[PDB]
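These notes are about the structure you will find just below.
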Amino acid sequence: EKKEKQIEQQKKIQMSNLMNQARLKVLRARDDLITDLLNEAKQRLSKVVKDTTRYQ
Amino acid sequence: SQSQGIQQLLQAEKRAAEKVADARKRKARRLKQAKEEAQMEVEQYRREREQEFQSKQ
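In structure tokens form, the structure reads like this:
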């Protein structure tokens, strides 16, 4: 029974591990969204630079 | 013939004495058997619990 409780503990650790990795995965996806915005901002700034009348 | 009746009763008492000592000897044998069987039962209990554990696992 004690080993089973440890086996249940192993199952909970796997679940704990799974939830922790899922949290990190969604956090990484959120950071990608922030990066895409900033990379778009770079492209928007380039378009502004191409406009002599505002870039000067 | 009273002395013969008395000796025959002595023989009967001797047999009674033997029969009880023998019963005590069996008691001892039965107790050892009980311990041996107990261990056999423990090994089978462990087997059952082990099978259940693996199924659950």
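Sequence order for the protein chains is I and M. Counting in PDB author numbering, the final residue of the first sequence is number 113, and the numbers go up one at a time with none missing. Counting in PDB author numbering, the final residue of the second sequence is number 59, and the numbers go up one at a time with none missing. Cβ coordinates follow ideal geometry from the N, Cα and C atoms, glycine included.
Residue state for residue 107 (chain I) is assigned as coil, using DSSP reduced to three classes. Closer than 8 Å to the CB of residue 64 (chain I) there is at least one CB belonging to chain M. Under the 8 Å criterion on CB atoms, residue 61 (chain I) is classed as interfacial with respect to chain M. For residue 59 (chain M), the secondary structure class from DSSP, reduced to helix, strand or coil, is coil.
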